[PDB]
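In what follows, a single structure is set out as structure tokens and then discussed.
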Amino acid sequence: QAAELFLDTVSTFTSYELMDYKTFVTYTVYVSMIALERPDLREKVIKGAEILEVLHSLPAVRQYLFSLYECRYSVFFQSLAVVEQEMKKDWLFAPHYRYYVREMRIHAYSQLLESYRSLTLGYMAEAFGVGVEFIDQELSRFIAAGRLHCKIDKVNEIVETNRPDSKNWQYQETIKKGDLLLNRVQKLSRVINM
Amino acid sequence: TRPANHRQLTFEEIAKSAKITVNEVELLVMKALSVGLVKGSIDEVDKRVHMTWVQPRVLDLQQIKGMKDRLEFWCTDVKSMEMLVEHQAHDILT
Amino acid sequence: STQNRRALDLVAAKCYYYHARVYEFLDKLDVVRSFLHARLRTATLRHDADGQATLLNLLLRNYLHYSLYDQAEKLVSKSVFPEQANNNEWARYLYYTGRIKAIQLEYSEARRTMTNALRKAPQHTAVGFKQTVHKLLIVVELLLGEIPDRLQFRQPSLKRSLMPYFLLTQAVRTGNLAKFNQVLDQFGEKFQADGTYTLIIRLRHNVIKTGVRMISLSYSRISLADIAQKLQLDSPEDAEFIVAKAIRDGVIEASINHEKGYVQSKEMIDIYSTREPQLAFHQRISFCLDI
Amino acid sequence: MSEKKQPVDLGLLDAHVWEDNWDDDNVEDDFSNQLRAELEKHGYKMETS
Amino acid sequence: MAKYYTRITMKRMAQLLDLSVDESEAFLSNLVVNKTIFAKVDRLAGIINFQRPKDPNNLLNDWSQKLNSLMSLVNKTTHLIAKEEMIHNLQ
Amino acid sequence: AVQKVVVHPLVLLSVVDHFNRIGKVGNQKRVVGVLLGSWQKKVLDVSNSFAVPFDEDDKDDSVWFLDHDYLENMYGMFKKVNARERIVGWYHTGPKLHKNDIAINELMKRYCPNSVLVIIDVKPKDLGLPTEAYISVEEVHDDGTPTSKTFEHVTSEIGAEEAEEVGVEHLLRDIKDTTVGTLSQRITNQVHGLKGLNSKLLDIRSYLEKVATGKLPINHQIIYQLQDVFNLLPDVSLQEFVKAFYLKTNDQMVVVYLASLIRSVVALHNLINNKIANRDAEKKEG
Amino acid sequence: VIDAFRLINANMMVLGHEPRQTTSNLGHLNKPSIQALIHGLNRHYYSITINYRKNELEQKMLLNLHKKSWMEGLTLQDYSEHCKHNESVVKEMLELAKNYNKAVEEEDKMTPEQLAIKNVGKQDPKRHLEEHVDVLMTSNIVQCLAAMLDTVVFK
Amino acid sequence: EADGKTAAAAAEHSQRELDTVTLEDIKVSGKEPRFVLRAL
Amino acid sequence: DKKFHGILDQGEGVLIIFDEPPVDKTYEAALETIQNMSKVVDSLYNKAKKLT
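One line per chain: the protein sequences are A, B, C, D, E, F, G, H and I, in this order. Quick note: the first sequence uses this note's numbering, first residue 10, plus one each step. Quick note: the second sequence uses this note's numbering, first residue 30, plus one each step. Quick note: the third sequence uses this note's numbering, first residue 7, plus one each step. Quick note: the fourth sequence uses this note's numbering, first residue 6, plus one each step. Quick note: the fifth sequence uses this note's numbering, first residue 43, plus one each step. Quick note: the sixth sequence uses this note's numbering, first residue 119, plus one each step. Quick note: the seventh sequence uses this note's numbering, first residue 5, plus one each step. Quick note: the eighth sequence uses this note's numbering, first residue 71, plus one each step. Quick note: the ninth sequence uses this note's numbering, first residue 267, plus one each step.
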């Protein structure tokens, strides 16, 4: 909802609570970079010139945005570390300064693991940030969490995409929601009719 | 000759049975198709062909006993299948 | 028989309950159980409704108050009569059979039946046995190789009571025996007071089982020169054995190439093409028409 | 109707008003207490090699 | 050959056309981009694959068609039977 | 030429009346008559008919009598009271073809160059349909047998008119019908299908006996056709066809599940209305 | 609508004689209409009862008069187009469910007949919801059954 | 209604007994003397 | 950018191309009719549970 409401940036009077209109801009770009997917990020906050004009005075944030958009992951983490440290020592964002990181990382992975279907891991050794076993353990701990669906093999050091399909899933949620409603109607018939 | 379950066959079999070298056989079968006496398709990457229909031919007074044999126990299958649905749904309308 | 309809329709049904409670309140239970057996027997002949529900629950109750055999009765019991129930008694009957199933080393199918038990309780404020059934459900699901659910731990009605269980699972997930001992030696009095200490006294082995299960779900093709290395297991010979047992009872689907030294797991997909969804749907069709 | 009479009993009786809307239990569990300095997690890893 | 064959290798094509493989590819390329020939060459193993669209709803369309033809044919045989038996066994 | 023929009920009742009446003039087992009709776009419509004297000495072909200048006279007398309709063909009520009717047809064809034959069998002994349609053609042969003059089959049906179906329905007070919806489907399109298919296969079965020296193989033609039949019939239900079948069965049943669920909820709702209404009014009227 | 008549006598009826004899209930089963009374049926003539007496053979015909050939019964409908019809009706169900929720919410809020009387324009979603069942059913059942049969009876 | 009428519809009386049980649990010396004084 | 659809492989540099399957119907539609009448059942109680 925060990124849904900060779309204005064109009627934000020079309000007192955000003394700097620039702070308002930085906040709205921060939330928008996480709430929404590639189609709109490519349509609205990148093809609108008021924000672009503002960013023109803000090298850091502009670089941080373009890094993600143009897939130069080498500098993406360079920027994300700095934005993280800026996140920690700020009010109304510090309580979960960690959470943000744990999100963006995962999202960046889903950025790249979609184009390929059999990417080798050594490719991320140099192209994404150094350290092989580092990528190893982050991928391992992220996969089990039910997100970033794929599958790795250490013997030949390879990754398989493991695409799911629009029918098994579109069948599973059907069956579970049906069971839930059916339980509901059973109980609700039970209390009535003695 | 071959039973309808298969009617699929490899280059080598024809090549020997008609004693013509293998590299000719393609053109042979293409000729067969083009004159319109047999229908199907060819699957050259593994050297196989499939032949789904063939010109009828006359046959003798003992071969037709095979026809009568097949047809009889095909026929009984229909009556068997009718008994079931005429029975189990008796109450909807007999 | 003459007024059996009314006499046993109620009044008697609740009477048995209260009369039993008295005895439990400040007395023994034994000749009560003999009387209950006799009274169940005189039912099931003239009548077959609610005389076979309240008595069954009470009788199994007092059997479980002690720690007897407790199973040879269910098999021939004929089950709590369906077709009629107050849907309330079904709940505790399921809870009882769930417990007596869990203590006899039958884990996998205990969770489903006791969850079915829980979903039948009302919306009422009482958290008397909801706390109990939740507590048992958490502890059986720490067996196998799962995670209980990171919810049903914060809800206002129940939180103080589940505190030690959260503090336990917070240890079990990381899988560090140190902290697990530091929890047990700290709250053992509480646990044995709960009447569920023995279940959790065997938990360490299922700890290692949960670790290897998550590993199985992570990778597909992996050498044994790492399974034990990253599980702190020093020997790679017994890793073969623990993995093989995990395969035997169905924890993971992989096979082992003993000479080669790699473990690979097979992938089976396309469940839509099989006949089973038709079955799952036919059952529900039948139920809806029944309603 | 909703009798809920129960031999089983209530049993028992905060500094936690930080409700982060929902959940985070798995999330907080993921980074339970370690791997903290993510800035340092990168930085002191790029100098490593 | 696309009318007759189903799947065919590279070298057999080059041999039947009496020209280099590269020229075969270049020649059929503008053909396929012209929406004139329905072919899907796979270079790695070089197996051209004409007329291989495939469908999971067409299959039993074909099945139902064969059923209709069979019923009609069995219908038509009996008229022939009757009129021919008429000219031999009337008396 | 003709692609299909349509018959109105008035013709069928006329046929039956003639068949019952003849007993006052002879003892024959067949009757013959004329069809008045019209047609357009190769769809032929028969509407009315009258019957003309005919007779045949049963024990031989080639000895039969058919009265021209009664036919011409009646056709004149009818034309004077309806100009719409013209000679089209003829009908007879025998259960089976006869040797000489090609020689009847070559007569009456002088009144209409396209003439069509309709067999209207008046005593059915099966489930079936009461009419068949035939047209005359010349056949070449591959055996060098001389050119043969022979009948050919044409598809047929019953039609209707709004001024008649009122009468038909006023008269159809005889038995049950219209077991609505799902009741009528399975009867009308499973059971009464299978019974027909079975009768056809029994007929082929019987014919292939006579070829046990009882009769000469009528042609290799009929054998070629049979070989096509047993070749065409669907492939063994054994390959990946099975996968394609399961997919549709799942999809066919899923929506059934949905609809059944809807069906139950409404019953509950109606239940509640009945309950409250009852108790309230009861306490009120007490 | 058929009637059959015959003239009353050419009077000499001032005698008050009845036109006919009666020795049965059999003639007084029917009520004469107002119109014929206007034009005077019992004043100048009398009606006679029509009766039908079909024989065996014509009534045997009359039932065949609608039978349809075996060729059709075993035939399948196309599976495409059929799926199209299924998706059409399922997407038509939505709007009716949405409307049904409100129609449940608002009832008993006013006097009882003033439900119907105020529902003569806009449709009532119960019936339109219900009668889209008996279209998913019937259709899907019979198609699946017919396919399931003929998969056996041919090879 | 339970015995005057066909002895199957004491279900309403059953629910009445449930209600009275719950209420009396949360509900007396004078009620008991009166109650007891019913003669019938 | 999903303008042209297919897939990519890193192992040996091969651009596999295939025709994307449809996204279905009479499933997507059902998956929310269920939701809609679940809400209907919830709203049934404002004059079912309370009034009784």
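Backbone N, C-alpha and C define an ideal beta-carbon position, used for all residues, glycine too.
Open item on the list: Cutting at 8 Å between CB atoms, please list the residues of its own chain near E/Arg94, excluding the five before and the five after it.
Closed with: Mapped onto the fifth sequence, residue 94 of chain E falls at position 52. Shown here for E/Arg94: same chain residues with a beta carbon closer than 8 Å to its own, the five before and five after excluded, namely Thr48, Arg49, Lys82 in chain order.
Open item on the list: Rounding to the nearest angstrom, what Cα-Cα distance links D/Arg41 and A/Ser119 in this structure?
Closed with: By 1-based counting over the fourth sequence, the position of residue 41 of chain D is 36. By 1-based counting over the first sequence, the position of residue 119 of chain A is 110. If you take the alpha carbons of D/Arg41 and A/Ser119, they lie about 23 Å apart.
Task: Alpha-carbon spacing of F/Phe183 relative to F/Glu174, whole angstroms - done: In the sixth sequence, residue 183 of chain F corresponds to position 65, counting from 1. In the sixth sequence, residue 174 of chain F corresponds to position 56, counting from 1. Note on geometry: alpha-carbon atoms of F/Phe183 and F/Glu174 lie some 6 Å from one another.
Open item on the list: Between F/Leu386 and chain A, is the shortest Cβ-Cβ distance under 8 Å, so that the two count as touching?
Closed with: On the sixth sequence, position 268 is the one that residue 386 of chain F refers to. Yes - at least one Cβ of chain A is within 8 Å of the one on F/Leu386.
Open item on the list: Against C/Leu239, what residues of chain H qualify as contacts under a CB-to-CB distance less than 9 Å, listed in chain order?
Closed with: As a working mapping, residue 239 of chain C is identified with position 233 in the third sequence. Simply none; closest approach about 58 Å.
Open item on the list: For the structure I just gave you, are there three or more beta carbon pairs, one from the region 261-274 of chain C and one from the region 347-359 of chain F, closer than 8 Å?
Closed with: no
TODO: Look at the Cβ atom of C/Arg227, then the Cβ atom of A/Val164, and state whether they are nearer than 8 Å.
DONE: Taking the first residue of the third sequence as position 1, residue 227 of chain C is located at position 221. Taking the first residue of the first sequence as position 1, residue 164 of chain A is located at position 155. The answer is yes: Cβ separation under 8 Å.
Open item on the list: Only counting the same chain, and skipping five residues up and downstream in sequence, which positions put a Cβ closer than 8 Å to that of C/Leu61?
Closed with: As a first step, residue 61 of chain C must be located in the third sequence, where it is residue number 55. Within the same chain, Cβ atoms closer than 8 Å to the Cβ of C/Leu61 are found at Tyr22, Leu42, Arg45, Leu46, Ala49, the five residues on either side in sequence being excluded.
Task: Opposing strand residues paired with F/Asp260 [DSSP bridges] - done: The residue you call residue 260 of chain F lines up with position 142 of the sixth sequence. DSSP output for F/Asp260 lists no bridge partner at all.
Task: Residue from C/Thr131, C/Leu142, C/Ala132 with nearest C-alpha to C/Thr119 - done: Locating residue 119 of chain C in the third sequence gives position 113, counting from the first residue. Closest option to C/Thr119, Cα to Cα, is C/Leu142.
Task: chain I contact residues for A/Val54, given Cβ-Cβ distances below 7 Å - done: For this step, residue 54 of chain A is matched to residue 45 along the first sequence. Those within 7 Å of A/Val54 in chain I number zero; the least Cβ separation is about 17 Å.
Task: Sub-8 Å separation of F/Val129 and F/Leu162 beta-carbons - done: If you number the sixth sequence from 1, residue 129 of chain F lands on position 11. If you number the sixth sequence from 1, residue 162 of chain F lands on position 44. Result no, Cβ atoms of F/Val129 and F/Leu162 do not sit closer than 8 Å.
Open item on the list: Within 8 Å of any Cβ in chain A, is that where the Cβ of C/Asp155 sits?
Closed with: Locating residue 155 of chain C in the third sequence gives position 149, counting from the first residue. Not one chain A Cβ lies under 8 Å of C/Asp155.
Open item on the list: Taking the alpha-carbon of H/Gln85 as reference, which of D/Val32, D/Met51, D/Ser7 has the nearest alpha-carbon?
Closed with: Reading the eighth sequence from its first residue, position 15 is the one you call residue 85 of chain H. When C-alpha distances from H/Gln85 are compared across D/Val32, D/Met51, D/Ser7, the shortest belongs to D/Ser7.
Task: Simplified DSSP assignment, three categories, for H/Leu110 - done: As a position in the eighth sequence, residue 110 of chain H is number 40, starting the count at 1. Correct three-state label for H/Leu110: coil.
- [ ] Output yes if chain G places a C-beta closer than 8 Å to the C-beta of E/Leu112; else output no.
- [x] One-based indexing of the fifth sequence puts residue 112 of chain E at position 70. It does: the Cβ of E/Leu112 has a partner Cβ on chain G nearer than 8 Å.
TODO: Show which residues of chain E have a CB atom less than 8 Å away from the CB atom of B/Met59.
DONE: Along the second sequence, one-based indexing puts residue 59 of chain B at 30. Chain E residues near B/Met59: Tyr46.
TODO: Take every Cβ of the region 303-316 of chain I, pair it with every Cβ of the region 382-389 of chain F, and state whether three or more of those distances are shorter than 8 Å.
DONE: These segments touch.
Task: Local conformation of C/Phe287 per DSSP, three classes - done: Here residue 287 of chain C refers to the residue found at position 281 of the third sequence. If DSSP states are grouped into helix, strand and coil, C/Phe287 belongs with the helices.
- [ ] Since I believe F/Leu153 is in contact with F/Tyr188 (beta carbons under 8 Å), could you give me their beta-carbon distance rounded to a whole number of angstroms?
- [x] Counted from its first residue, the sixth sequence places residue 188 of chain F at position 70. Counted from its first residue, the sixth sequence places residue 153 of chain F at position 35. No, F/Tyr188 and F/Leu153 are not in contact; Cβ-Cβ is about 16 Å, not under 8 Å.
- [ ] Compare the beta carbon distance of F/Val206 and F/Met192 with 8 Å and say whether it is the shorter of the two.
- [x] Along the sixth sequence, read from residue 1 onward, the residue named residue 206 of chain F stands at position 88. Along the sixth sequence, read from residue 1 onward, the residue named residue 192 of chain F stands at position 74. Their beta carbons are not under 8 Å apart, which means F/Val206 does not touch F/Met192 by this criterion.
Open item on the list: Taking only three categories from DSSP, how would you classify B/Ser70?
Closed with: The count along the second sequence starts at 1 and reaches residue 70 of chain B at position 41. Correct three-state label for B/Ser70: strand.
Open item on the list: Between which two residues does the alpha helix (DSSP H) holding C/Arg47 run?
Closed with: By one-based count along the third sequence, residue 47 of chain C stands at place 41. Unbroken alpha helix (DSSP H) run through C/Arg47: 36-48.
Open item on the list: Helix, strand or coil, according to DSSP, for F/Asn166 in the structure here?
Closed with: Walking along the sixth sequence from the start, residue 166 of chain F turns up at place 48. It is a strand residue.
Task: CB contact flag (B/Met80, B/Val64, <8 Å) - done: Indexing the second sequence from 1 puts residue 80 of chain B at position 51. Indexing the second sequence from 1 puts residue 64 of chain B at position 35. The beta carbons of B/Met80 and B/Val64 sit no closer together than 8 Å.
TODO: Examine the ligand GDP and report whether any of its heavy atoms sits within less than 7 Å of the Cβ of G/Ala151.
DONE: Although the ligand GDP was asked about, the structure shown includes no ligands whatsoever.
TODO: Taking 8 Å as the cut-off, decide whether the C-beta atoms of F/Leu247 and G/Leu66 are in contact.
DONE: To locate residue 247 of chain F, count along the sixth sequence from 1; it is residue 129. To locate residue 66 of chain G, count along the seventh sequence from 1; it is residue 62. Their beta carbons are not under 8 Å apart, which means F/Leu247 does not touch G/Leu66 by this criterion.
- [ ] Give the DSSP-derived three-state secondary structure of I/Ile300 in the structure shown.
- [x] Translated into positions along the ninth sequence, residue 300 of chain I becomes position 34. In the structure shown, I/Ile300 falls within a helical segment according to DSSP collapsed to helix, strand and coil.
TODO: Please name the residue in G/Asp154, G/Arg10, G/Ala107 whose C-alpha comes closest to that of G/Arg131.
DONE: As a first step, residue 131 of chain G must be located in the seventh sequence, where it is residue number 127. That would be G/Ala107, whose Cα lies nearest to the Cα of G/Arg131.
TODO: Answer yes or no: does any C-beta atom of chain C fall closer than 8 Å to that of F/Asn368?
DONE: By 1-based counting over the sixth sequence, the position of residue 368 of chain F is 250. Among the residues facing chain C, F/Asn368 is included, as its CB has a counterpart in that chain under 8 Å away.
Open item on the list: For A/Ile144, report the span of its alpha helix (DSSP H) as first-last.
Closed with: By one-based count along the first sequence, residue 144 of chain A stands at place 135. In the DSSP assignment, A/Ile144 falls within the alpha helix (DSSP H) that extends over 141-152.
- [ ] Provide the residue(s) that pair with F/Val125 in DSSP beta bridges, ordered along the chain.
- [x] For the purposes of this step, residue 125 of chain F is identified with residue 7 of the sixth sequence, where counting begins at 1. Bridge partners of F/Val125: F/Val164, F/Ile276.
Task: Beta-carbon neighbours of G/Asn90, restricted to chain F and to distances below 7 Å - done: Here residue 90 of chain G corresponds to residue number 86 of the seventh sequence, with the count starting at 1. Those are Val373, listed as they occur along chain F.
TODO: Look at the alpha carbon of F/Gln121 and the alpha carbon of F/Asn232, and state the distance between them as a whole number of angstroms.
DONE: If you number the sixth sequence from 1, residue 121 of chain F lands on position 3. If you number the sixth sequence from 1, residue 232 of chain F lands on position 114. Looking at the two C-alpha atoms, the distance is approximately 13 Å.
TODO: Report the option in F/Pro335, F/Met226, F/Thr306 whose CA atom is closest to the CA atom of B/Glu115.
DONE: In the second sequence, residue 115 of chain B corresponds to position 86, counting from 1. B/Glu115 has its Cα closest to that of F/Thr306, out of F/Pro335, F/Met226, F/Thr306.
Task: Buried versus exposed, by CB contacts within 10 Å (16 or more), G/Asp154 - done: Here residue 154 of chain G corresponds to residue number 150 of the seventh sequence, with the count starting at 1. Only buried fits G/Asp154, as 16 or more other CB atoms lie within 10 angstroms of its CB.
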